[PDB]
Amino acid sequence: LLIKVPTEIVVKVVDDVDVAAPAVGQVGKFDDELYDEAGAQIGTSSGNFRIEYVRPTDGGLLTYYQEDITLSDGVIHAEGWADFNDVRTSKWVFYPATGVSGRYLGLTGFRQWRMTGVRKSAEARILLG
Amino acid sequence: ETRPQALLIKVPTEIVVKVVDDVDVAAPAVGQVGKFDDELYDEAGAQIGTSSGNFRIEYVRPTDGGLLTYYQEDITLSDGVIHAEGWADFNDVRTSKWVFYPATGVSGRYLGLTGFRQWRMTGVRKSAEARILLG
């Protein structure tokens with residue numbers, strides 16, 4: 001299973017992140033609404049993140065994301081690591097996704113997204129098995 | 001099915017046929033490495049491919065002491081090659097938890113697909129359980 005999300009709108013974000021010069025300790029809390037091709041809302045997401053350390057091999061700004069994505073037909077939890085340098089230069093990021101209820105029960109896999117507008121939009125994929 | 005959007009390969013038995021390492025799995029350390037050559041089996045017990053790869057323990061994560069480790073490998077299935085690489089925590093590796101990193105189809109059926117290589121140790125230096133998930 002692949003759920004494509006061409007339009008993920010961030011409706012509320014609260015954060016002390018400097019997108020131009022992010023740093024360890026900066027945090028964020030977001031609410032998103034998830035849209036398919038037609039423009040039908042297929043779900044929402046509530047989550048947060050914290051920029052946690054500077055990785056020594058490349059100066060990656062390793063950030064930890066947690067979120068609950070509530071779709072029409074079940075909840076998906078997702079959690080893990082991304083480099084904020086990728087987030088902020090519009091590269092794809094990813095981290096594990098676990099089916100919690102509904103049709104997603106027993107499916108696991110991965111939550112992927114790419115920023116298309118700062119503090120406002122992204123495209124996403126959810127890939128499960 | 002022609003041109004499936006999502007693909008899942010279950011690998012319930014992955015055998016570590018050869019492994020050359022200097023890892024102390026009781027207490028691993030930065031700078032330690034391993035080379036592995038595996039064989040991959042499906043539910044029915046027929047061989048579906050091999051993997052050839054390596055890893056190295058690169059740093060101590062300051063958040064929690066995770067031993068972040070960089071893996072690369074070329075997974076040669078009967079119907080095509082999949083390259084996978086990226087980061088895992090060796091404390092997860094050695095305590096039998098699932099780890100993963102990105103995968104890219106390089107040839108055959110997988111050309112133009114991307115996703116993840118997932119696996120869990122079943123016997124340290126002996127065997128594992130694996131999943132390939134592509135889109």
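In what follows, every chain begins at residue 1, and chains take the letters A, B, ... in the order their sequences are listed.
Using a 4.5 Å heavy-atom cutoff, the side chains of A:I9 and A:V11 are in contact. Residues A:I69 and A:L34 have side chains in contact (heavy-atom distance under 4.5 Å, counting atoms from C-beta outward). Side-chain contact between A:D83 and A:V93 is absent, with no heavy-atom pair separated by less than 4.5 Å. Between B:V81 and B:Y110 the shortest side-chain heavy-atom distance does not fall below 4.5 Å. Under the 4.5 Å side-chain criterion, counting only non-hydrogen atoms from C-beta, A:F30 is in contact with A:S45.
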Determine whether B:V60 and B:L67 satisfy the following criterion, side-chain contact (heavy atoms from CB on, under 4.5 Å), listing intermediate values before the conclusion.
CA-CA 5 Å; B:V60 185; B:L67 298 160; 4.2 Å; yes
Run the side-chain contact (heavy atoms from CB on, under 4.5 Å) check on A:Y65 and A:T63 step by step: do they pass?
CA-CA 7 Å; A:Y65 280 79; A:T63 305; 3.5 Å; yes
For B:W119 and B:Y101, what are the C-alpha separation, side-chain angles and deciding distance, and is it a side-chain hydrogen bond (donor to acceptor under 3.5 Å, both in side chains)?
CA-CA 9 Å; B:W119 55 264; B:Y101 38 74; 3.0 Å; yes
Worked check of salt bridge (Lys or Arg N to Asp or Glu O under 4.0 Å) between A:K4 and A:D36:
CA-CA 7 Å; A:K4 298 195 58 41; A:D36 78 11; over 6 Å; no
Could you walk me through whether A:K29 and A:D15 pass the side-chain contact (heavy atoms from CB on, under 4.5 Å) test, one step at a time?
CA-CA 6 Å; A:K29 185 189 175 81; A:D15 81 82; over 6 Å; no
B:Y59 and B:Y70: CA distance, side-chain angles, deciding distance, side-chain hydrogen bond (donor to acceptor under 3.5 Å, both in side chains) verdict
CA-CA 10 Å; B:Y59 70 94; B:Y70 199 83; over 6 Å; no
B:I9 vs B:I48, test: side-chain contact (heavy atoms from CB on, under 4.5 Å). Steps then yes/no.
CA-CA 10 Å; B:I9 311 155; B:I48 48 151; 4.2 Å; yes
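Aromatic pair B:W87/B:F55: centroids not less than 6.0 angstrom apart. Centroid-to-centroid, the aromatic rings of A:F110 and A:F94 stay 6.0 Å apart or farther.
Interatomic distance, CD of A:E52 versus OG1 of B:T63, reported as 4.0 Å (0.5 Å rounding). Here CG of A:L1 is found 11.0 Å from CG of B:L8. Values are rounded to the nearest 0.5 Å. Remark: A:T7 OG1 to A:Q41 CD distance equals 12.0 Å, nearest 0.5 Å. For the atom pair CD (A:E33) and OG (A:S121), the distance works out to 13.0 Å, reported to the nearest 0.5 Å. A distance of 8.0 Å separates CG of A:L105 from CG of A:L107, quoted to the nearest 0.5 Å. Rounded to the nearest 0.5 angstrom, B:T122 OG1 and B:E14 CD are separated by 10.0 Å.
Considering every non-hydrogen atom in both A:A97 and A:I76, the closest pair reads CB-CG2, 3.7 Å. What you find for B:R125 and B:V23 is that their closest heavy atoms are NH2-O, 2.9 Å. Pairing each heavy atom of B:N91 with each of B:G65, the nearest pair is ND2-O, 3.4 Å. Smallest separation of non-hydrogen atoms from A:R88 and A:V19: NH1-O, 2.8 Å.
Cluster annotation: A:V118 and A:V10 are assigned to the same hydrophobic cluster (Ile/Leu/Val/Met/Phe/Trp/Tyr, side-chain heavy-atom contacts under 4.5 Å, transitive). Under a hydrophobic-cluster definition in which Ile, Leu, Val, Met, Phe, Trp and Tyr are linked whenever side-chain heavy atoms come within less than 4.5 Å, directly or via other members, A:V27 and A:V87 are assigned to different clusters.
Here salt bridge (charged side-chain N to carboxylate O under 4.0 Å, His left out) pairs that include residues 58-74 of chain A, with residues two or more places apart or in two chains, are A:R55-A:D58, A:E67-A:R111, A:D73-A:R103.
Listed for the B:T76 side chain is no donor-acceptor partner under 3.5 Å among the backbone atoms of B:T50. No donor-acceptor pair under 3.5 Å is formed between the side chain of B:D22 and the backbone N or O of B:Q32.
Atom NZ of A:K120 is surrounded by more than 12 heavy atoms from other residues, nucleotides or ligands within 6.0 Å.
For B:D37, the salt bridge (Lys or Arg N to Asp or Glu O under 4.0 Å) test picks out no residue, with sequence neighbours left out.
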What side-chain donor-acceptor pairs closer than 3.5 Å can you find for residues 122-129 of chain A, not counting sequence neighbours?
from, atom 1, to, atom 2, distance (Å)
A:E123, OE2, A:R114, NH1, 2.7
A:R125, NE, A:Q112, OE1, 3.2

